[PDB]
Amino acid sequence: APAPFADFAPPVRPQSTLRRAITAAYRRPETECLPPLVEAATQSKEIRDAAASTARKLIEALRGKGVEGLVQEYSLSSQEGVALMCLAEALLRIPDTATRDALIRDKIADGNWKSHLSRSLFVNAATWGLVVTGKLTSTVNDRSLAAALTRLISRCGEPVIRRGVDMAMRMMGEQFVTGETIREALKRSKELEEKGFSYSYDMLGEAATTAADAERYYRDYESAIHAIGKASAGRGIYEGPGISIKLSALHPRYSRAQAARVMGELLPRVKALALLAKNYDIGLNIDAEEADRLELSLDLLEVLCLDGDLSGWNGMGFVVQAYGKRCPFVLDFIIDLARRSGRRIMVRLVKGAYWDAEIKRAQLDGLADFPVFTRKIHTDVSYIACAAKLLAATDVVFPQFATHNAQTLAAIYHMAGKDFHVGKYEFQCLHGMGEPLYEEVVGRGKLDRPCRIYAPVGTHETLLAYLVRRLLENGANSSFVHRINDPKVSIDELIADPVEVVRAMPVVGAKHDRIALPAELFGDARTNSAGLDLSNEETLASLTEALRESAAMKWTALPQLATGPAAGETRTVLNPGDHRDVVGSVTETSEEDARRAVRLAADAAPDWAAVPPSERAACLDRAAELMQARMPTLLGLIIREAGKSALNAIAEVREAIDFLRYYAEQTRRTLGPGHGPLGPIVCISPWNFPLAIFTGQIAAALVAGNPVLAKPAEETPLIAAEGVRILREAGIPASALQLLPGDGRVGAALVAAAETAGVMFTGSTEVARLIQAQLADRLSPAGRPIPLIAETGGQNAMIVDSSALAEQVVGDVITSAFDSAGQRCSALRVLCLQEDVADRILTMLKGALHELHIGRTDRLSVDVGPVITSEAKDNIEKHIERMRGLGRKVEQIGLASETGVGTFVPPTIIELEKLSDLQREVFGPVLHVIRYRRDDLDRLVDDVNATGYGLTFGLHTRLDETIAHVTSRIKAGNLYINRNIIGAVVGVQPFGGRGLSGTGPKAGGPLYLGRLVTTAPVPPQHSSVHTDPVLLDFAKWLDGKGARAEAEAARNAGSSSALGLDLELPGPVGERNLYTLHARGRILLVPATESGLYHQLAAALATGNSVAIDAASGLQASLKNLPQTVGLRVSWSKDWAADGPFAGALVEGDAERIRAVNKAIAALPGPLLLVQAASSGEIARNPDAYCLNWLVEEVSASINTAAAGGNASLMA
Amino acid sequence: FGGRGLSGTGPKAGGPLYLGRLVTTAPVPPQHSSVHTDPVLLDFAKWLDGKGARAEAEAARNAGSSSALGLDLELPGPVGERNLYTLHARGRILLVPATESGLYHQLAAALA
Amino acid sequence: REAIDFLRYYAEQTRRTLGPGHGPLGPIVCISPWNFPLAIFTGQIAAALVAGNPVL
Ligand SMILES: *[C]/[C]=[C]/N1=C2[C]=C([C])C([C])=[C]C2=N([C][C]([O])[C]([O])[C]([O])[C]OP([O])(=O)OP([O])(=O)O[C][C]2O[C](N3[C]=NC4=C3N=[C]N=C4[N])[C]([O])[C]2[O])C2=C1C(=O)[N]C(=O)[N]2
Ligand SMILES: NC(=O)c1ccc[n+]([C@@H]2O[C@H](COP(=O)([O-])OP(=O)(O)OC[C@H]3O[C@@H](n4cnc5c(N)ncnc54)[C@H](O)[C@@H]3O)[C@@H](O)[C@H]2O)c1
Ligand SMILES: [Mg+2]
């Protein structure tokens, strides 16, 4: 039996002093990074003057010397230019030239281009938009482009099509790539090699998602090395061409979490390529990628440079990124490695290509700081400082200064001085971008310094995959290439010395003013929770010890009544991934003590309600600080008790911290003396988010002034008991928060107890239906229904069309379906693939499936942990075998023998024929796949809605028409565009669904606290200037019937309604997070009086709903001669169960009438209904008798606006 | 400029639909598109699909896409003013069909 | 000013749209009110003309 966390994340090798100094700088404050870089980058006034003159001379040459001319000749708008290039791209996909010209002449030019050209013409329009406009739009307005294409063809005919085709052919065959194949690229390299340039070839491709794709990239590199080495023909590593590789192309799990696989499987592949480069004596450069791959790549560089089989060859090269805070320390490590190995490492200094992505990633992960600078000028100073370090070590490394910035170039040219020989150092540039600049550098007639051109190689399909990066770079106002073209910027501004500009700043190295540190994402509202960097060796080493120590603690959970801990039946709590690992002990609550706890809560309710809301919120904030400080220990418990990986557990604790701080702030924004608490609230929580949802419900209830009976899931009582301990330490009195461990009997006994004033339930729909039935008997002392928040299961779909990027889709599907072994309510259950791309994506998906590591979760390398119990395993497996028995194709990962000691289900893909093949939620790692024809998209959305669930939903598309269509027709609470559908963030994606998925209001949203008090407050930002027009028609109808008071109340409801609220919530860069209020659907009205009916109808119509009115009320004659607009919204129901599903209900009557109706409503099939009831007298006295908060439906939508490959907003 | 009802047939003078009325085949005006698809059009297309009216369902989907209903633009003009231009439904269209297929095509155009 | 703007606007809209498949109707009769005696007069005529129609 392995000791817990004994092998959590051991580093590849012991960290040397030089390696440790790299790690120490990972997220160093920007003000601390800059001063040493300023000093190292300082040059004499003579040199600065000479560099400025050289820079000015280069820039004057640049300014003194395609698509734009085409746009001009045919008077094209921007959209027409983009549409034309998309058409040209499509026509070039026709291989035969004569066939293409015939299609152009006879079919395209003469009329309908649409009739002749499963994939939108405009799939790559974001790229062409960058080419035409210099601006990035993350999605494509495909209806605008279609109109523009029709317009331009009808106006200009075949000549403009011919010119667009020839332009696209030149750009895609000669400008974006040096050649389509390595042979073609080598042929086209001779011209500039004869002038003194050299080449490094980049076999374009995506990062590997599968073993097969990594093997394909390997054979592509190997074949390119042969062609390059044959062409090099003994010219050597400086004069002759070389190759550049990206490590992520060569292994599908290139990450620190999979370090052992990287060293075991990726390293030999790089070695084999390096051995071939050695035999031909060409350069082989390792390109630099995301910041969390930097230090991992150093372990590969170390082993390769120490491997005697590669000795005698100085061609191994390595990129370092000057925008990274570790860059000078990385260079110290590399220079020392070069000395130790005796290999003259070729070091390519770049500024860095992932800037926007690094900012977004650090914010999402809640880390202390960025791993890159945030002011562009800091990167420039870093680059020059690092060049000074490299130029002092040319005996042991070969510096390669990759830049298109003439000021950067000039500064280094003069820094390097007058002594030069080929092999001392070189410059580098990108094909088709740097030739103008370096034609003023290479050659005895210029500066007589060599330049190596980085040459992309690949077909048109491969090039379009990630061309947005370079184009977005050259279009950013900070980019030299953009500024060199901007007439509004002078040469003086372009030759400004960044070293002296930074030195003279009032605070040297201050963070960019307009970029939020992750902790400050929400500004003054609240402090963001902090995460942990699992790529940081210091963090991993510290976490290893804290996690081990957490496994040595004697975790217990006891019935913590107001009077003290109670005795009960005690049993062990076992690790679901290894039942030999005893995590702790739980004493469960007798039904007698559960009922006693409710009585003690009722007795203590006045004392807790009298704690002012601000001080209740202070308790929540103190609990958040405690959980943040205790996160490492909490991680260890969650990992072992609940089957979570370290990443899952960090997200779990962060979410609890965010709940505490969000509900505290929402309290400070809203709660006053008139928002009286309900009374004792029973909080019943699921096993699968055993700290986050547990904490969220309890915190909300407590901060609203209610004492809480906390009933955690029987599977996960320990982390629950620890959360209660933290809340009590933070100042929640024992009488206000009682913990009652146990199974559903304890939950049921709490729900049924006389003094229970409200219930907050998260769990299965079936259990919620049992609680709904138990509460249907019950009324408050005021004679009103006991409020129930019931947040339940999902049957969550993702729709993928042929414009989506397969690698992006597969990553988001793998994460959404199999993270936490599918044991998220948000998990992806049904993937819907457009038929034209289904086979390719499915093959990639199955390949990615088999790269997952399943096992006990106290190892960083484990991706997918166990299912929670043997019963859950049996239920999931029964479903899989039923599907297999029907002949459906089933793909499963093989499980390791070690899983036998726990309860594991392998990640599984099941190919279905129809969405109706699924019956109920299968809460496990089981992804179902269905295919659809594009014309059937609307019917597919119907099919998704038809399950009756409505929790999470994903859409992958680049096409605005498809976004608008799908998002307007889908009925789900949490929408996600071009991203995964999991990990909703508190106050950013307020979380919760509709139908069988929930009553609402959403947890982590602004309507939540208002449900836990007798009179709901007005939430922040909660209003709408829009008035429902059917409500307005009804108010006029009422005035025509003489019902003057009801017409006034109807108009007031129309104004009070927040239907149409449409907000963007603050969050991370690279994402737009939207929150909107919609109609719920059809509301069941059960009136008793005419005026009651009018008030009910006004409330329902003002919030956008239709209604079904109880025909047994006998009030038909009160609604004669309705306007057709109102009649369209009104039906009469004799059999309520036949006319559903409803989305809520309004009831009028005395207490016993309300009780009877509530029993009838609870018996309706399908979704739990949020019921509001009032007496006739209450309707007359209280305009808010029916609260409009609960008659609208919240919808959250999260759009990944970086999905096109970059962040347009941050480029400015 | 131009109105509806007793005030005009349209298209508006000084607007982008105007010239297209004065030729036998109207062009696609500048900026004339919409990403929104009428939901009743979508339901009509599915109904046509179920009946096997394949040409008509295709015509309906094409009308749904090329319709500029929902266009909502800000036009360039002076500072201190916002000048908006939007395309709404006309209202109720009189349909005078002769054949079943003609009626389906008329319905597609009107619903879209 | 309005007459000038009609002229230049329909000129530009023509440059943005009209090609060989956008055939003219033929003779167009332009009947105008007294109250905008140059602006609407010019606008209707200019549009019909630039669309390729002779005007009465
Ligand atoms: C595959 C890969 C590749 N590589 C390379 C190579 C070569 C030869 C070259 C030339 C390049 C490359 N890359 C890219 C780089 O990095 C960059 O990006 C470019 O180059 C640009 O730079 P330049 O020319 O220098 O320009 P400028 O303009 O001067 O600059 C720009 C830059 O900056 C920065 N930023 C911006 N913004 C900002 C910044 N920072 C801070 N803050 C702020 N706000 C950035 O960086 C930009 O970019 C590459 C490579 C590799 O390998 N890796 C990488 O990463 N990259
Ligand atoms: N909508 C959401 O936000 C959300 C979030 C997480 C999980 N869920 C759902 O939760 C389910 C998985 O969690 P689970 O397995 O712990 O759910 P569950 O329904 O099996 O149990 C949830 C809680 O109800 C209690 N319970 C069982 N019977 C009860 C009864 N008769 N009366 C009162 N309480 C009773 C349990 O002890 C537990 O504390 C999934 O269906 C998942 O989709 C929903
Ligand atoms: Mg259960």
Side-chain angles (χ1 to χ4, degrees), chain A residues 75-80 82-83 111 113 120-122 125 137 139-157 932-938 940-943 945-946 957-970 1029 1128, chain B residues 16-20 22-53 55-76 85-89 91-92 108 111-112:
Chain A
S75 310
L76 301 185
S77 69
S78 285
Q79 284 297 81
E80 291 171 352
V82 174
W113 57 268
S120 177
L121 224 71
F122 310 115
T137 313
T139 58
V140 174
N141 184 339
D142 49 322
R143 298 314 311 160
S144 170
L145 290 178
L149 186 56
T150 299
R151 194 190 309 106
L152 74 86
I153 289 171
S154 296
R155 189 174 73 249
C156 304
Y932 73 97
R933 290 285 161 95
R934 179 45 177 84
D935 293 345
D936 293 327
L937 174 60
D938 195 56
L940 171 63
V941 176
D942 286 341
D943 289 351
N945 291 333
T957 180
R958 288 188 262 174
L959 306 175
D960 286 344
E961 179 193 45
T962 297
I963 296 171
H965 173 191
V966 171
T967 62
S968 68
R969 303 280 269 176
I970 194 70
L1128 291 181
Chain B
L17 299 181
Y18 197 70
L19 292 184
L22 310 175
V23 291
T24 50
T25 305
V28 183
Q31 301 174 324
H32 181 87
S33 72
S34 177
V35 304
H36 305 297
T37 308
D38 183 277
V40 179
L41 181 282
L42 290 167
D43 289 349
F44 182 58
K46 294 187 298 198
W47 178 78
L48 292 173
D49 283 331
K51 295 172 52 100
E56 288 82 8
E58 173 74 2
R61 285 187 295 268
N62 289 336
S65 286
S66 73
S67 172
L69 171 75
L71 179 154
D72 182 18
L73 295 172
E74 189 174 342
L75 300 184
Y85 173 86
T86 62
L87 294 183
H88 302 257
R92 189 168 304 263
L111 294 176

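Below, read A as the first sequence line, B as the second, and so on, with proteins coming before strands; counting in each chain starts at 1. Reckoned from all heavy atoms, side chains included, excluding hydrogens, waters and symmetry mates.
Taking 4.5 Å as the limit, every side-chain heavy atom of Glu56(B) sits out of range of all side-chain heavy atoms of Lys51(B).
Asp938(A) and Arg61(B) are not joined by a salt bridge, as no carboxylate oxygen comes within less than 4.0 angstrom of a charged side-chain nitrogen. A salt bridge does not link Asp49(B) to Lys46(B): none of the charged side-chain nitrogens sits closer than 4.0 Å to a carboxylate oxygen.
Side-chain N or O atoms of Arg958(A) include none that pairs as donor or acceptor with a backbone N or O of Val140(A) at under 3.5 Å.
Contact tally against chain B (heavy-atom pairs below 4.5 Å) for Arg151(A), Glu80(A), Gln79(A): the top residue is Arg151(A).
When heavy atoms are compared at a cutoff of 4.5 Å, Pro27(B) does not approach chain A at all. Contacts between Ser34(B) and chain A at a heavy-atom distance below 4.5 Å involve the backbone alone (N, CA, C, O). For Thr37(B), the part lying under 4.5 angstrom from a heavy atom of chain A is the side chain only.
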